[PDB]
$ cat query.cif   # mmCIF, C-alpha atoms
data_final
#
loop_
_atom_site.label_atom_id
_atom_site.label_comp_id
_atom_site.auth_asym_id
_atom_site.auth_seq_id
_atom_site.Cartn_x
_atom_site.Cartn_y
_atom_site.Cartn_z
CA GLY A 1 -77.67 4.85 53.37
CA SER A 2 -79.07 7.21 50.72
CA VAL A 3 -79.29 11.02 50.78
CA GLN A 4 -81.47 13.14 48.48
CA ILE A 5 -81.59 16.93 48.51
CA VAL A 6 -83.71 19.34 46.45
CA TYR A 7 -82.90 23.03 46.66
CA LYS A 8 -85.84 24.55 44.75
CA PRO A 9 -86.17 28.26 45.57
CA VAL A 10 -88.64 30.32 43.52
CA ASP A 11 -88.58 34.13 43.38
CA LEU A 12 -91.11 36.34 41.56
CA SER A 13 -90.33 39.54 43.48
CA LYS A 14 -90.63 43.13 42.27
CA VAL A 15 -88.75 46.24 43.45
CA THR A 16 -90.15 49.26 41.77
CA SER A 17 -90.51 53.02 41.59
CA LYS A 18 -92.40 55.57 39.51
CA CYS A 19 -91.57 59.28 39.81
CA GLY A 20 -93.14 62.28 38.09
CA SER A 21 -90.32 64.81 38.50
CA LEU A 22 -86.93 64.98 40.25
CA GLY A 23 -86.03 68.60 40.11
CA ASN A 24 -84.37 71.81 41.15
CA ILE A 25 -81.70 70.10 43.29
CA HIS A 26 -78.73 72.24 44.35
CA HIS A 27 -75.47 71.43 46.09
CA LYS A 28 -73.48 74.49 47.15
CA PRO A 29 -71.14 73.47 49.99
CA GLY A 30 -68.79 76.34 50.91
CA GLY A 31 -65.02 75.85 50.55
CA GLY A 32 -63.29 73.93 53.38
CA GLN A 33 -59.50 74.48 53.45
CA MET A 34 -57.71 71.36 54.71
CA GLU A 35 -54.04 70.68 55.58
CA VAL A 36 -52.47 67.24 56.08
CA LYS A 37 -49.02 66.36 57.49
CA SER A 38 -47.27 63.24 58.88
CA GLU A 39 -43.99 61.81 60.18
CA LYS A 40 -44.72 58.08 59.95
CA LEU A 41 -47.61 55.83 58.95
CA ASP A 42 -47.64 52.00 58.81
CA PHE A 43 -50.47 49.81 57.46
CA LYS A 44 -49.50 46.17 57.81
CA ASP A 45 -52.42 43.93 56.70
CA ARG A 46 -55.80 44.44 54.99
CA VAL A 47 -56.14 48.15 55.89
CA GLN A 48 -58.83 50.50 54.57
CA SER A 49 -57.79 54.05 55.61
CA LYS A 50 -59.48 57.22 54.34
CA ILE A 51 -57.46 60.21 55.56
CA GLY A 52 -57.91 64.00 55.09
CA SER A 53 -60.63 63.46 52.47
CA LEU A 54 -62.83 66.25 51.06
CA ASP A 55 -65.70 64.74 49.02
CA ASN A 56 -68.72 66.19 47.19
CA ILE A 57 -71.14 63.62 45.73
CA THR A 58 -74.49 64.36 44.07
CA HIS A 59 -76.02 60.99 43.30
CA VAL A 60 -79.43 61.54 41.71
CA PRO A 61 -80.83 58.28 40.28
CA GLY A 62 -84.11 58.23 38.36
CA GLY A 63 -84.47 54.80 39.99
CA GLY A 64 -81.69 53.64 42.29
CA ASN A 65 -83.42 50.38 43.17
CA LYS A 66 -81.25 47.54 44.44
CA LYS A 67 -81.96 43.88 44.98
CA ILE A 68 -79.44 41.33 46.28
CA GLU A 69 -79.74 37.57 46.75
CA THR A 70 -77.34 34.99 48.07
CA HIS A 71 -78.08 31.30 47.60
CA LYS A 72 -75.61 29.03 49.37
CA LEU A 73 -75.82 25.26 49.70
CA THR A 74 -73.00 23.51 51.53
CA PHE A 75 -72.82 19.72 51.94
CA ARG A 76 -70.18 18.06 54.15
CA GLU A 77 -69.45 14.42 55.03
CA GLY B 1 -91.54 93.80 29.28
CA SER B 2 -90.68 90.07 29.33
CA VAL B 3 -93.08 87.10 29.34
CA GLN B 4 -92.13 83.49 30.14
CA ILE B 5 -94.37 80.45 29.91
CA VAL B 6 -93.39 76.89 30.69
CA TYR B 7 -95.98 74.27 29.87
CA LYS B 8 -94.49 71.10 31.38
CA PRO B 9 -97.21 68.49 31.87
CA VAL B 10 -96.12 65.01 32.95
CA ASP B 11 -98.34 61.96 32.55
CA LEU B 12 -97.55 58.47 33.85
CA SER B 13 -101.15 57.23 33.78
CA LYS B 14 -102.24 53.71 32.90
CA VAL B 15 -105.56 52.43 31.56
CA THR B 16 -105.61 48.72 31.80
CA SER B 17 -107.54 45.48 31.90
CA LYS B 18 -107.01 41.80 32.53
CA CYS B 19 -109.74 39.33 31.62
CA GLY B 20 -109.62 35.54 32.03
CA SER B 21 -112.25 34.58 29.44
CA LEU B 22 -114.91 36.41 27.40
CA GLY B 23 -116.78 33.23 26.54
CA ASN B 24 -119.90 32.36 24.73
CA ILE B 25 -121.89 35.37 23.46
CA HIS B 26 -124.89 35.05 21.13
CA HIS B 27 -126.77 37.72 19.20
CA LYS B 28 -130.03 36.42 17.74
CA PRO B 29 -132.30 39.42 17.03
CA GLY B 30 -135.49 38.52 15.15
CA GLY B 31 -136.74 40.23 12.00
CA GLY B 32 -137.03 44.02 11.63
CA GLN B 33 -139.25 45.81 9.06
CA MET B 34 -139.76 49.57 8.74
CA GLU B 35 -140.99 52.41 6.51
CA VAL B 36 -139.96 56.06 5.98
CA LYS B 37 -141.81 58.37 3.52
CA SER B 38 -141.60 61.95 2.18
CA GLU B 39 -142.30 64.11 -0.88
CA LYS B 40 -139.17 66.26 -1.04
CA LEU B 41 -135.96 66.61 0.97
CA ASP B 42 -132.86 68.83 0.97
CA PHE B 43 -129.77 69.25 3.15
CA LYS B 44 -127.18 72.03 3.59
CA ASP B 45 -124.16 73.08 5.72
CA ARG B 46 -122.69 69.79 6.99
CA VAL B 47 -125.89 67.93 8.04
CA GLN B 48 -125.20 64.35 9.21
CA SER B 49 -128.35 62.31 8.69
CA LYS B 50 -128.97 58.58 9.21
CA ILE B 51 -132.26 57.50 7.65
CA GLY B 52 -134.27 54.26 7.69
CA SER B 53 -131.38 52.29 9.20
CA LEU B 54 -131.38 48.63 10.24
CA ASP B 55 -128.06 47.82 11.99
CA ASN B 56 -126.70 44.79 13.87
CA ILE B 57 -123.30 45.19 15.56
CA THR B 58 -121.51 42.69 17.81
CA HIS B 59 -118.46 44.55 19.05
CA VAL B 60 -116.47 42.28 21.38
CA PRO B 61 -113.02 43.76 22.18
CA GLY B 62 -110.71 41.55 24.26
CA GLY B 63 -109.83 44.89 25.82
CA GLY B 64 -111.62 48.03 24.65
CA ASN B 65 -109.73 50.61 26.66
CA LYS B 66 -109.67 54.19 25.40
CA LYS B 67 -107.58 57.24 26.26
CA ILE B 68 -107.84 60.75 24.85
CA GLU B 69 -105.81 63.86 25.80
CA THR B 70 -105.89 67.40 24.49
CA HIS B 71 -103.09 69.84 25.37
CA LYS B 72 -103.78 73.35 24.07
CA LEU B 73 -101.69 76.44 24.77
CA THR B 74 -102.89 79.63 23.18
CA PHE B 75 -101.11 82.99 23.30
CA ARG B 76 -102.30 86.40 22.07
CA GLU B 77 -100.83 89.91 22.44
#

$ encode --input "query.cif" --output "structure tokens"
Amino acid sequence: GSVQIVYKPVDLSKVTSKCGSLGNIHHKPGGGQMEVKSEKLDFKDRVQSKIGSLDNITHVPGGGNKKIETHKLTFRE
Amino acid sequence: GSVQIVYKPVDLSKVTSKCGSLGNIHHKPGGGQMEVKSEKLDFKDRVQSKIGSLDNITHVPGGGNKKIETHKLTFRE
């Protein structure tokens, strides 16, 4: 009782950008005073906890192009 | 009395060709016979003078794509 399998994907994709100018970008957030206090905190298993976070990000990619792929092949008997 | 100038050209142009085949070209001009006559001849100040010319050209560029640009910025006070 034979079994043949042929997983032949083919991918010739493009993910592209041209851009003449990226320019004159400004990021002036005013100051936010923040105060953080606790008695007790418990984080038992697999926790992701952002708490009392002040963040300024200025992410300015000339490209910033992403591609993801995920080939899975699972055989079971 | 200030003067600013900012000459920021940006050029992302393309000038392009694909071609599958050029293929069979023939250039069989028959015979050419000609006469030019004068007594006396002079030239001055950068004269550019083709005379009595028999020419055969077979110019076959696989891609004959041309680009010219000319940025000029000219200040006087």

$ residues_around --input "query.cif" --residues "segment 52-58 of chain B" --least-positions-apart "4" --cutoff "8 Å" --atoms "all atoms listed in the file" --output "ChimeraX atom specification"
/B:27,32,34-36

$ resolve_selection --input "query.cif" --expression "the PyMOL selection byres ((chain B) within 8 of (chain A))" --output "ChimeraX atom specification"
/B:10-12

$ residues_around --input "query.cif" --residues "residue 22 of chain A" --least-positions-apart "5" --cutoff "10 Å" --atoms "all atoms listed in the file" --output "PyMOL selection string"
chain A and resi 60-62

$ atom_distance --input "query.cif" --atom1 "atom CA of residue 3 of chain B" --atom2 "atom CA of residue 23 of chain A"
22.5 Å

$ atom_distance --input "query.cif" --atom1 "atom CA of residue 8 of chain B" --atom2 "atom CA of residue 64 of chain A"
24.2 Å

$ resolve_selection --input "query.cif" --expression "the PyMOL selection byres ((chain B and resi 7) around 12)" --output "PyMOL selection string"
chain B and resi 4-6+8-10+71-74

$ residues_near_point --input "query.cif" --point "(-89.9, 48.1, 46.6)" --cutoff "9 Å" --atoms "all atoms listed in the file" --output "PyMOL selection string"
chain A and resi 14-17+65-66

$ atom_distance --input "query.cif" --atom1 "atom CA of residue 51 of chain A" --atom2 "atom CA of residue 38 of chain A"
11.1 Å
